[PDB]
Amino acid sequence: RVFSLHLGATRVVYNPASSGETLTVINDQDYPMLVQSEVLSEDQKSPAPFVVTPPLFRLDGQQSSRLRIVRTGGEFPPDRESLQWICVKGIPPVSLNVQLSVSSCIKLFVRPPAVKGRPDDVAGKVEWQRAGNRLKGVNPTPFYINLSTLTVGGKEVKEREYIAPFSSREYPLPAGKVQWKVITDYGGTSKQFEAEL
């Protein structure tokens, strides 16, 4: 018997000049479960200054509900995205009973109103350069670059981690044209981008 939620989206984009965002959880098993929800640090370790309403509730089988995520405090740059995590845990309402209890996490991007358009509007601006034997992605933009695809000379790059706003990330270069695509705000995939080096 397994208690996990399906989420209605693959990420949330949160306006900090606004009053909150919603997220849909669906239970599509036959049995009831208890949904618990929290918001965490970029690291997934500490708590974030947000709250979910409701934090803990019963959701009948074959059913959905919409949660409210509300920022509570915290300092956030007015000029770039800041990443957080919303986590949704399905908890249950000589013998051996057994339960599988899952915690689905998605990304929350705090996107100040000064930061404009969509990440994929400007994801093509990302520069790749060799750094000794490795690959460096340098991101001149204010959006996380959440790589859905990355290759050099057609060959695929392992350790494909996202790039923070105005920052860089490194990658193992398979031995021997950089191409890439990002996950969009809708959870679809972007047009292909391409550059040299």
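From 1 onward, residues are counted along the sequence shown.
Subject >> Deposited residues lacking coordinates between residue 176 and residue 177 (none, 1 to 3, 4 to 9, 10 or more) >> reply: Gap size class: 1 to 3 residues without coordinates, per the record.
**OP:** Please count the deposited residues lying between residue 93 and residue 94 that the model leaves without coordinates, and give the class: none, 1 to 3, 4 to 9, or 10 or more.
**Re:** Per the deposited record, the segment joining residue 93 and residue 94 lacks coordinates for 10 or more residues.
Original post:
Where do the C-alpha atoms have the higher mean temperature factor in this entry, in 31-39 or in 129-137?
Top reply: Mean C-alpha B-factor is greater for 31-39.
Original post:
So 104-112 or 70-78, which one's hotter by mean CA B-factor in the entry?
Top reply: Averaged over C-alpha atoms, the B-factors run higher in 70-78.
**OP:** Between 143, 171, 57, 162, let me know which has the highest C-alpha B-factor in the entry?
**Re:** Within the set 143, 171, 57, 162, 57 shows the top C-alpha B-factor.
Subject >> residue 63 CA temperature factor, ranked by third within the chain >> reply: Top third by C-alpha B-factor.
Original post:
Going by what the PDB entry lists, where does residue 53 fall on CA B-factor within its chain: lowest, middle or highest third?
Top reply: According to the entry, residue 53 has a C-alpha B-factor in the chain's highest third.
Original post:
When the modelled residues of the chain are sorted by Cα temperature factor, does residue 149 land in the lowest, middle or highest third?
Top reply: As the PDB entry reports it, the C-alpha B-factor of residue 149 lands in the lowest third of its chain.
Subject >> Modelled-residue ranking by C-alpha temperature factor, third containing residue 188 >> reply: As the PDB entry reports it, the C-alpha B-factor of residue 188 lands in the highest third of its chain.
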